[PDB]
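Shown below, as structure tokens, is a lone chain in the form deposited in one PDB entry; questions about how it binds or moves come after it.
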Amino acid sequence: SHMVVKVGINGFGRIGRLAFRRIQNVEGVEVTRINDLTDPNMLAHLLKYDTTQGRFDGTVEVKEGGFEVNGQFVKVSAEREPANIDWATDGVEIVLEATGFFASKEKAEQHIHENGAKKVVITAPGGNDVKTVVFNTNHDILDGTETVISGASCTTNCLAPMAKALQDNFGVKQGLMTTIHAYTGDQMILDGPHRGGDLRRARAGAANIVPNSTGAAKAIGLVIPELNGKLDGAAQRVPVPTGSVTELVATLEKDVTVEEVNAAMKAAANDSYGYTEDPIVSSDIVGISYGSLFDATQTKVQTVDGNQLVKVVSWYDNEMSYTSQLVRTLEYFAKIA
């Protein structure tokens, strides 16, 4: 609990580097080994300088075998195959699989061998033989015997605590979700052939409102079984480089008022789910450690006839909120065995 889990990161892209950054400020968790195929000098620079998350809090120098991050050495390997990483050499109990390739059960568990690691957390959905965990919503399902788990998506970690609070208090019949989302790496900087064939993600990301699909509301059942098949949604990608907001319009079993809804969210608040009545904007949530931040100023309960539509809304940094939730799950999972 104050015990410091030694952590490996595989793939030092956006999620890896931010996971690293987050881990400096949540100790009782420590990265001793990074693995990635790109030039360590390219990697050091991108750890140091970050457009949206700011300059690194400290110092980063390239040394033989790794980095000195504020004095402390950290090993950087470039082993292509997960089977070939001697994690146990550097005390590494658990691995954050963040490449984007090794995202099934049988691929990720190649990290497990006598010189490898005990456990693995994947940064995508794993399917349905790999448990899916949003911290402080459904992390109770972990018994400790599991070899590989998933941290869900950025959108799922925002929606989950907000949806869970609606279910436990009032009961959700059905709901539709709209995420107003920062542009992401899967969009073209300028109009051009998207190698996925998506005609919308082919368009200039920082110059357009771009509608896009998302499976977060449809696959919410993996995290909250009571809402399986009850939620659907979509996204509007807009020109901010990070920071997002999720609106849920739902029909509930119980009658409610705005005040009841907000107070129920305030009472559900914890390290993962924040609360605020400050009329904030997206730039204010960049770098937060909440997985989701409910905003009471945007709540609506529309009673027309007997019938009620309820609008809820929660902010999230699709980068750092997600990262923070992932580090929370990576800590807890390593501390059961």
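Each form is matched to the other, and the largest set of C-alpha atoms that superpose within 1.5 Å is called the rigid core. Note that residue numbering follows the sequence shown and begins at 1.
Relative to one another, 207-215 and 129-137 have unequal mean CA B-factors, and 129-137 is the one with the higher figure. Looking at mean Cα B-factors across 21-29 and 319-327, the upper value is held by 21-29. Highest C-alpha temperature factor among 45, 55, 311, 63, as the PDB entry reports it: 63. Between the residues 304, 288, 301, 296, it is 304 that shows the highest Cα B-factor in the PDB record. Among the modelled residues of its chain, residue 230 has a C-alpha B-factor that falls in the middle third according to the deposited record. Annotation for residue 191: C-alpha temperature factor in the lowest third relative to the rest of the modelled chain, per the entry. Sort the chain's modelled residues by C-alpha temperature factor and residue 103 lands in the highest third, per the entry.
Among all modelled residues in its chain, residue 154 ranks in the middle third by Cα B-factor.
Remark: residue 112 belongs to the highest third of its chain, ranked by C-alpha B-factor as recorded.
Not on display, but discussed next: the form deposited in another entry.
With the two forms fitted on their core, the C-alpha shifts between this form and the one not shown stay under 2 Å for all of 166, 95, 177, 223 except 95. Fitting the two forms on the rigid core leaves the C-alpha of residue 253 displaced by under 2 angstroms between this form and the one not shown. Annotation for residue 36: C-alpha shift of 2 angstroms or more between this form and the one not shown, rigid core superposed. In the core-superposed comparison between this form and the one not shown, the C-alpha atom of residue 205 has shifted by less than 2 angstroms.
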